[PDB]
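Visitor: Got a file for you: query_10.tsv, TSV, C-alpha atoms (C1' of nucleotides).
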```tsv
chain	number	residue	atom	x	y	z
A	335	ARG	CA	-47.75	118.18	-143.74
A	336	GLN	CA	-49.05	117.01	-140.36
A	337	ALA	CA	-47.93	113.41	-140.86
A	338	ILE	CA	-44.60	114.46	-142.35
A	339	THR	CA	-43.74	116.86	-139.53
A	340	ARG	CA	-44.85	114.35	-136.89
A	341	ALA	CA	-42.56	111.76	-138.46
A	342	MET	CA	-39.67	114.23	-138.67
A	343	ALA	CA	-40.10	115.19	-135.02
A	344	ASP	CA	-40.44	111.61	-133.76
A	345	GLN	CA	-37.87	109.81	-135.96
A	346	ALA	CA	-35.27	112.24	-137.33
A	347	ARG	CA	-32.86	112.79	-134.43
A	348	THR	CA	-30.71	110.07	-132.88
A	349	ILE	CA	-31.66	111.20	-129.36
A	350	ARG	CA	-35.45	111.42	-129.51
A	351	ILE	CA	-36.89	114.85	-128.73
A	352	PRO	CA	-40.55	115.30	-127.68
A	353	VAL	CA	-42.78	116.95	-130.24
A	354	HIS	CA	-43.36	120.07	-128.15
A	355	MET	CA	-39.67	120.42	-127.38
A	356	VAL	CA	-39.33	119.95	-131.15
A	357	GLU	CA	-41.58	122.91	-131.91
A	358	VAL	CA	-39.88	124.93	-129.15
A	359	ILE	CA	-36.43	124.34	-130.64
A	360	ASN	CA	-37.48	124.94	-134.24
A	361	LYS	CA	-39.33	128.10	-133.19
A	362	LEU	CA	-36.33	129.46	-131.31
A	363	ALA	CA	-34.03	128.49	-134.19
A	364	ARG	CA	-36.12	130.17	-136.89
A	365	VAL	CA	-36.74	133.31	-134.84
A	366	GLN	CA	-33.02	133.49	-134.02
A	367	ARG	CA	-32.33	133.23	-137.74
A	368	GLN	CA	-34.68	136.18	-138.19
A	369	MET	CA	-32.75	138.07	-135.49
A	370	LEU	CA	-29.48	137.42	-137.32
A	371	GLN	CA	-31.10	138.49	-140.60
A	372	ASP	CA	-32.44	141.73	-139.10
A	373	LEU	CA	-29.61	142.83	-136.80
A	374	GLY	CA	-26.91	141.31	-139.00
A	375	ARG	CA	-25.07	140.06	-135.90
A	376	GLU	CA	-25.28	137.17	-133.47
A	377	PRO	CA	-28.00	138.16	-130.96
A	378	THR	CA	-27.20	138.21	-127.27
A	379	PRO	CA	-28.85	135.43	-125.22
A	380	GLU	CA	-30.97	137.82	-123.12
A	381	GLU	CA	-32.46	139.49	-126.20
A	382	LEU	CA	-33.30	136.05	-127.59
A	383	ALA	CA	-34.82	135.05	-124.24
A	384	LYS	CA	-37.15	138.05	-124.17
A	385	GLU	CA	-38.09	137.54	-127.82
A	386	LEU	CA	-38.97	133.91	-127.08
A	387	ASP	CA	-40.74	135.32	-123.96
A	388	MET	CA	-39.06	132.60	-121.84
A	389	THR	CA	-36.17	133.07	-119.43
A	390	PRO	CA	-32.50	132.57	-120.39
A	391	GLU	CA	-32.17	129.24	-118.58
A	392	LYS	CA	-34.77	127.70	-120.89
A	393	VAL	CA	-32.94	129.24	-123.85
A	394	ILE	CA	-29.70	127.52	-122.85
A	395	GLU	CA	-31.56	124.29	-122.05
A	396	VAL	CA	-33.22	123.98	-125.45
A	397	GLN	CA	-30.05	125.18	-127.21
A	398	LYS	CA	-28.10	122.33	-125.62
A	399	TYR	CA	-30.93	119.86	-126.26
A	400	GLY	CA	-31.04	120.79	-129.96
A	401	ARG	CA	-27.82	119.07	-131.01
A	402	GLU	CA	-26.96	115.92	-132.97
A	403	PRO	CA	-24.34	113.20	-132.32
A	404	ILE	CA	-21.04	113.03	-134.17
A	405	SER	CA	-20.18	109.61	-135.59
A	406	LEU	CA	-17.17	107.81	-134.15
A	407	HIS	CA	-16.44	106.14	-137.49
A	408	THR	CA	-15.15	109.31	-139.10
A	409	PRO	CA	-11.58	109.92	-140.13
A	410	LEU	CA	-9.71	111.73	-137.37
A	411	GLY	CA	-8.09	113.75	-140.13
A	412	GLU	CA	-4.73	113.68	-138.42
A	413	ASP	CA	-4.27	110.55	-140.50
A	414	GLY	CA	-6.55	108.74	-142.93
A	415	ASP	CA	-6.30	105.41	-141.11
A	416	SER	CA	-7.17	106.82	-137.69
A	417	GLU	CA	-10.83	107.11	-136.70
A	418	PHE	CA	-12.47	109.04	-133.87
A	419	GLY	CA	-13.81	105.96	-132.08
A	420	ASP	CA	-10.20	104.94	-131.34
A	421	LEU	CA	-9.11	108.04	-129.40
A	422	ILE	CA	-11.60	108.50	-126.52
A	423	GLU	CA	-11.04	106.54	-123.33
B	1	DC	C1'	44.90	60.27	-1.67
B	2	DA	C1'	39.80	58.87	-3.10
B	3	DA	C1'	34.81	59.71	-2.49
B	4	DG	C1'	30.97	62.82	-1.73
B	5	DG	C1'	29.04	67.37	-1.93
B	6	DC	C1'	27.59	72.14	-4.33
B	7	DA	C1'	28.02	75.88	-8.80
B	8	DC	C1'	26.50	77.18	-14.29
B	9	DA	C1'	25.37	75.30	-18.24
B	10	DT	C1'	23.16	72.15	-20.75
B	11	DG	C1'	20.26	68.44	-23.90
B	12	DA	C1'	15.99	68.46	-24.40
B	13	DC	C1'	11.58	71.05	-23.42
B	14	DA	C1'	6.97	74.85	-25.42
B	15	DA	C1'	5.27	78.89	-26.23
B	16	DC	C1'	5.54	83.47	-27.69
B	17	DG	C1'	7.10	87.13	-32.18
B	18	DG	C1'	6.35	88.54	-36.00
B	19	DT	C1'	5.07	87.87	-40.13
B	20	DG	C1'	3.31	85.20	-44.00
B	21	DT	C1'	-0.38	82.86	-45.88
B	22	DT	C1'	-5.74	81.18	-46.52
B	23	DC	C1'	-10.15	80.47	-48.24
B	24	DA	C1'	-13.88	83.58	-47.14
B	25	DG	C1'	-16.69	86.94	-47.12
B	26	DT	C1'	-17.93	90.99	-48.43
B	27	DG	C1'	-17.62	94.56	-50.46
B	28	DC	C1'	-14.98	98.97	-53.55
B	29	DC	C1'	-14.93	100.91	-57.16
B	30	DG	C1'	-14.39	100.67	-62.36
B	31	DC	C1'	-16.19	98.28	-66.50
B	32	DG	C1'	-20.42	96.82	-68.40
B	33	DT	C1'	-25.40	95.12	-69.28
B	34	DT	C1'	-29.87	96.82	-69.67
B	35	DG	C1'	-34.98	99.74	-68.83
B	36	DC	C1'	-36.44	104.21	-70.14
B	37	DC	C1'	-36.13	109.28	-72.71
B	38	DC	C1'	-36.13	111.66	-76.80
B	39	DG	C1'	-34.63	112.82	-81.85
B	40	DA	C1'	-34.35	112.13	-86.21
B	41	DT	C1'	-35.88	109.65	-90.39
B	42	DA	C1'	-38.42	106.97	-93.58
B	43	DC	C1'	-42.96	107.13	-95.60
B	44	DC	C1'	-48.16	107.59	-96.06
B	45	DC	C1'	-51.14	111.66	-97.41
B	46	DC	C1'	-53.02	116.20	-99.90
B	47	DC	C1'	-52.12	120.36	-103.63
B	48	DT	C1'	-50.84	122.11	-108.44
B	49	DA	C1'	-46.87	122.87	-112.46
B	50	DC	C1'	-45.30	121.14	-116.23
B	51	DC	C1'	-43.95	117.17	-119.71
B	52	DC	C1'	-45.68	114.65	-123.26
B	53	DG	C1'	-48.93	112.54	-126.51
B	54	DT	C1'	-53.17	113.11	-129.59
B	55	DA	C1'	-55.91	115.68	-132.91
B	56	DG	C1'	-57.21	119.34	-135.70
B	57	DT	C1'	-56.01	123.27	-139.05
B	58	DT	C1'	-60.20	123.69	-145.85
B	59	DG	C1'	-59.09	129.58	-152.06
B	60	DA	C1'	-55.55	127.00	-154.83
B	61	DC	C1'	-50.84	124.58	-154.48
B	62	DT	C1'	-49.77	116.92	-158.94
B	63	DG	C1'	-42.46	114.02	-160.38
B	64	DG	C1'	-36.51	115.15	-157.30
B	65	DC	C1'	-31.78	114.53	-156.36
B	66	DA	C1'	-27.19	115.62	-157.90
B	67	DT	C1'	-24.54	112.71	-159.65
B	68	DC	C1'	-19.81	110.92	-162.46
B	69	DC	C1'	-15.11	110.90	-165.10
B	70	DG	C1'	-7.22	112.09	-164.45
B	71	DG	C1'	-7.43	105.26	-158.89
B	72	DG	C1'	-4.90	101.54	-161.32
B	73	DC	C1'	-4.52	97.28	-161.91
B	74	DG	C1'	-5.22	93.08	-162.60
B	75	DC	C1'	-7.82	89.12	-162.51
B	76	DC	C1'	-12.05	86.26	-162.11
B	77	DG	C1'	-15.90	85.13	-163.59
B	78	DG	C1'	-20.18	85.47	-165.67
B	79	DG	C1'	-23.14	87.47	-168.97
B	80	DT	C1'	-24.16	88.38	-173.67
B	81	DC	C1'	-25.00	88.89	-177.93
B	82	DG	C1'	-22.53	88.10	-182.64
B	83	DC	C1'	-21.15	83.97	-185.69
B	84	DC	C1'	-21.35	80.82	-189.14
```
Give the structure from the file, written as structure tokens.
Guide:
Amino acid sequence: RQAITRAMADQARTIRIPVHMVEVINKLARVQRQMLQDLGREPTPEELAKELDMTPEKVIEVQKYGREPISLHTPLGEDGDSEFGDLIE
DNA sequence: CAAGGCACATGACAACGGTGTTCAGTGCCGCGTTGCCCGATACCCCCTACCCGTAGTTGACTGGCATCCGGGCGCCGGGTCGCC
């Protein structure tokens, strides 16, 4: 499990995330999932911040850092021929 | 009636008038040309806060994934095993 999780942290995401940011983001994600499961509603950012014990600015920071790129070579969907990489200047 | 004698003016004669130049000197009064003076600015230091990588964590826990069909259409071209 150690080797597998190290590999997932260090080689899964297109934009590399440090291992301890990786555990921070997965911790906040799983606990937020628990918040949704308990309260049955999207938790407010301040409540999440206190649950994580960090301040809201770190919450927003890791939330924004925990994304993944979208591929240009995808159909635009407006038309089959068109692709996303041919619409951004 | 002709010749000789005195008045006023006249051909030049310099020297003043008044004013315009001259090289000359020295300033007069504006730009500059430079010594300070500071003032700010780049650039060494020390401290700790936090990012990021490495290394453990012992009941047991021993093979996955969901595919894929209504192209359609034809040809090439090779493989592939029956055929006698």
Visitor: In the coordinate frame of the file, compute which residues have an atom within 10 Å of (-32.1, 124.5, -136.7) when using all atoms listed in the file, and state them as a CSV table (one decimal) with C-alpha atoms, in the coordinates of the input.
Guide:
```
chain,number,residue,atom,x,y,z
A,359,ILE,CA,-36.4,124.3,-130.6
A,360,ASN,CA,-37.5,124.9,-134.2
A,361,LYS,CA,-39.3,128.1,-133.2
A,362,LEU,CA,-36.3,129.5,-131.3
A,363,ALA,CA,-34.0,128.5,-134.2
A,364,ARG,CA,-36.1,130.2,-136.9
A,366,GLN,CA,-33.0,133.5,-134.0
A,367,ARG,CA,-32.3,133.2,-137.7
A,397,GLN,CA,-30.0,125.2,-127.2
A,400,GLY,CA,-31.0,120.8,-130.0
A,401,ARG,CA,-27.8,119.1,-131.0
```
Visitor: Quick one: which residues from chain A are at most 12 Å off chain B, using only C-alpha atoms (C1' of nucleotides), as number ranges by chain?
Guide: A: 335-337, 340, 344, 351-356
Visitor: For residue 393 of chain A, find every residue with an atom within 9 Å (counting all atoms listed in the file), except residues of its own chain fewer than 5 positions away, and show them as a PyMOL selection string.
Guide: chain A and resi 362+379-380+382-383+386+388+398
Visitor: Hey, can you spit out that residue selection with C-alpha atoms as a PDB file, in the coordinates of the input?
Guide:
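So selection-v4.pdb came out as:
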```
ATOM      1  CA  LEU A 362     -36.330 129.460-131.310  1.00  0.00           C
ATOM      2  CA  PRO A 379     -28.850 135.430-125.220  1.00  0.00           C
ATOM      3  CA  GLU A 380     -30.970 137.820-123.120  1.00  0.00           C
ATOM      4  CA  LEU A 382     -33.300 136.050-127.590  1.00  0.00           C
ATOM      5  CA  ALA A 383     -34.820 135.050-124.240  1.00  0.00           C
ATOM      6  CA  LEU A 386     -38.970 133.910-127.080  1.00  0.00           C
ATOM      7  CA  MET A 388     -39.060 132.600-121.840  1.00  0.00           C
ATOM      8  CA  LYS A 398     -28.100 122.330-125.620  1.00  0.00           C
TER       9      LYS A 398
END
```
Visitor: Residues at most 10 Å from residue 420 of chain A, counting all atoms listed in the file, excluding those fewer than 3 positions away in the same chain, as a compact mmCIF listing (two decimals) with C-alpha atoms, keeping the file's coordinate frame?
Guide:
```
# COMPACT_ATOMS: atom_id res chain seq x y z
CA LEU A 406 -17.17 107.81 -134.15
CA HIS A 407 -16.44 106.14 -137.49
CA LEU A 410 -9.71 111.73 -137.37
CA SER A 416 -7.17 106.82 -137.69
CA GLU A 417 -10.83 107.11 -136.70
CA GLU A 423 -11.04 106.54 -123.33
```
Visitor: Between atom CA of residue 347 of chain A and atom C1' of residue 50 of chain B, what is the spacing in Å?
Guide: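 Interatomic distance here is 23.6 Å.
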Visitor: What is the atom CA of residue 387 of chain A to atom CA of residue 368 of chain A distance in Å?
Guide: 15.5 Å
